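In PDB author numbering, the protein residues as written are 16 to 34, 37 to 67, 69 to 125, 127 to 130, 132 to 184, 184A, 185 to 188, 188A, 189 to 204, 209 to 217, 219 to 221, 221A, 222 to 245. Ideal Cβ placement from N, Cα and C applies to all residues, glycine included. Take a look at the structure below.
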Amino acid sequence: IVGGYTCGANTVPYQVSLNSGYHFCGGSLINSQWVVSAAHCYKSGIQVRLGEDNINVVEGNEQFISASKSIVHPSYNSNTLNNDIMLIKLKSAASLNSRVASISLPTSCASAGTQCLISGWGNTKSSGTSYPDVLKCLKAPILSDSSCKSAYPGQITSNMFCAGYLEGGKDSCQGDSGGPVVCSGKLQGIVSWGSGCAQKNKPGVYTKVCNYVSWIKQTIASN
Ligand SMILES: [Ca+2]
């Protein structure tokens, strides 16, 4: 997250870190057994880390649970990132508590203009590289479809939305991929892509989770 703030330990209790020997992507706990992330964060051998604040110190509220299954969307296209969503099943259910909690899936899609909370352990520099240890947060508004398509001509599908600041300076970034965009208390986006991070006229692009709720529900009903 570039231009964000330190969230505060366990104040984003549905945020997970995906670990394959190191943190590589975020995700969102949607019930005790399932995490939603980005399909471009697929790796074999994922361990889900819940209750994290500092990802490099065991502070006492973590649960580390191996994934048993990952399910990339059936229509994921890794070239365009259309349908950039994946489900990860935990080998064992998380113990839900004040620091490890699920986020609701949406009933309706979020509105342009809505300020959402984006979080993660990704890079905090627009130019250069610095990865935080503790979870960072950003409030960013959803941008109109026409603004998003003007920023990325011929690249935005109906399964993507933009959020952020066209003047630059505030955005998600590498290493935040897969993590949540929460708007009015529901998971509305997944950190997916953008041109650089926090560059002028190049806002973040997010997977539109409200288009996937039927797939998520039927998949979790089946696995
Ligand atoms: Ca930790």
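For residue j and residue i, believed in contact at Cβ under 8 angstroms, the rounded distance
| i | j | result |
| --- | --- | --- |
| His57 | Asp102 | 6 angstroms |
| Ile121 | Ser45 | 5 angstroms |
| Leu137 | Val200 | 5 angstroms |
| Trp141 | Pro152 | 6 angstroms |
| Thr241 | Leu105 | 6 angstroms |
| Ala221 | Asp194 | About 12 angstroms; that fails the 8 angstroms criterion. |
CA-to-CA distance, residue j to residue i, given in whole angstroms
| i | j | result |
| --- | --- | --- |
| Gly196 | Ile83 | 17 angstroms |
| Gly184 | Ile47 | 24 angstroms |
| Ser54 | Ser164 | 24 angstroms |
| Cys128 | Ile162 | 11 angstroms |
| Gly187 | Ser146 | 9 angstroms |
| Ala112 | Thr149 | 33 angstroms |
| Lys60 | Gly43 | 13 angstroms |
| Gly69 | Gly19 | 20 angstroms |
| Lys159 | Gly216 | 17 angstroms |
| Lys222 | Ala171 | 10 angstroms |
Opening and closing residue of the beta strand (DSSP E) in which residue i lies
| i | result |
| --- | --- |
| residue 305 | There is simply no residue 305 to check, as the chain begins at 16 and stops at 245 in what is shown. |
| residue 246 | The chain is shown only over 16 to 245; residue 246 falls outside these bounds and no answer can be derived. |
| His40 | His40 to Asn48 |
N- and C-terminal bounds of the alpha helix (DSSP H) containing residue i
| i | result |
| --- | --- |
| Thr241 | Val235 to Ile242 |
| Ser195 | That residue, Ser195, is in no alpha helix (DSSP H); it is neither H nor E in DSSP. |
| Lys169 | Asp165 to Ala171 |
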